[PDB]
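Colleague: Sequence plus experimental coordinates follow:
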Amino acid sequence: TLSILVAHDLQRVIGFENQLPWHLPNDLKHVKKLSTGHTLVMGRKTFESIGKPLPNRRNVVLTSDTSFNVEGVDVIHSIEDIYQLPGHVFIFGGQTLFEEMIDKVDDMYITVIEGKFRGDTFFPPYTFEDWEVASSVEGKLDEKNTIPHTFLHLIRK
Ligand SMILES: NC(=O)c1ccc[n+]([C@@H]2O[C@H](COP(=O)([O-])OP(=O)(O)OC[C@H]3O[C@@H](n4cnc5c(N)ncnc54)[C@H](OP(=O)(O)O)[C@@H]3O)[C@@H](O)[C@H]2O)c1
Ligand SMILES: Cc1cc2nc(-c3nccs3)n(-c3cc4nc(N)nc(N)c4cc3Cl)c2cc1C
């Protein structure tokens, strides 16, 4: 299976200045739970944003940099390389990766952040005519998680 994981706001903002525009611990937990024991593929900028590979899954970084060789990270230099990775593969960001892969993935696990943030990077437009709503679950709000959010699982029709 090849899936996208993304958190985007009401206007499909995904990032600002190489970080998330929002603080939402529950999204991080969501992503951790879904990808445990699986594979994440991310662009070079996203990797540098997190700074270190996420433990307990295979971290794959897509970059043109042939000098890239980081401990705990596997490197690829082509989109085509993604299709050679075994198991459940998650496209992990950022904008460039999402743009390159949205037409290729089986499904998408989206955290819709139900707000309007300042962004400099976006998830590409998509239509529910192309995607079946496998599930839609409202996120619980509390002291640590104060922005309304919805977890969508979309499967390509
Ligand atoms: N809300 C979310 O779900 C989420 C998730 C992840 C990231 N983000 C946000 O997304 C933003 C980053 O997105 P971005 O588009 O600027 O960067 P990005 O997609 O993370 O990384 C872009 C880099 O990936 C490499 N790359 C992409 N396609 C390639 C290809 N076909 N062949 C070789 N290398 C390739 C290049 O690295 P080189 O220049 O080294 O060659 C490119 O500069 C940040 O704001 C971040 O916070 C949001
Ligand atoms: C501990 C932790 C730290 C994180 N930092 C980040 C950053 N994202 C952008 C810049 S830095 N994330 C992320 C959260 C994500 N959430 C969803 N829904 N989908 C994605 N593709 C995500 C990707 C990342 Cl890197 C993180 C996810 C976790 C679990």
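Modeller: Received, thanks. Residues are numbered from 1 along each chain as shown. Ligands and ions are numbered 1, 2, ... in the order given.
Colleague: Only C-alpha atoms from now on, for both contacts and neighbour counts.
Modeller: Noted.
Colleague: In this protein, which helix is the longest?
Modeller: In the chain, ranked by residue count with DSSP state H as the criterion, the top helix is helix 25-35.
Colleague: which parts of it are buried?
Modeller: By 16 or more other CA atoms under 10 Å, the buried positions in helix 25-35 come out as 26-27, 31, 35.
Colleague: Contacts for it, please.
Modeller: 5, 7, 57, 90, 111, 139, 144-145 (CA atoms under 8 Å, 6 or more residues apart in numbering).
Colleague: export those to a markdown table and tack on secondary structure and distance to ligand 2?
Modeller: Output for these, formatted as a markdown table (DSSP: H, G, I helix; E, B strand; the rest coil; distance: CA to the nearest ligand atom, whole Å):
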| residue | secondary structure | distance to ligand 2 |
| --- | --- | --- |
| 5 | strand | 4 |
| 7 | strand | 4 |
| 57 | coil | 11 |
| 90 | strand | 8 |
| 111 | strand | 5 |
| 139 | coil | 12 |
| 144 | coil | 15 |
| 145 | coil | 14 |
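Colleague: In contact with residue 154, which residues are there?
Modeller: So residue 154 contacts 107-110, 131-135 (CA under 8 Å, 6+ apart).
Colleague: Bridged to it, which residues?
Modeller: Using DSSP bridges, the bridge partners assigned to residue 154 are residue 108, residue 133.
Colleague: Now tabulate the buried residues of helix 25-35 in a markdown table and tack on distance to residue 86.
Modeller: Rendered in a markdown table, the data for these read as follows (distance: CA to CA, whole Å):
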| residue | distance to residue 86 |
| --- | --- |
| 26 | 28 |
| 27 | 25 |
| 31 | 19 |
| 35 | 14 |
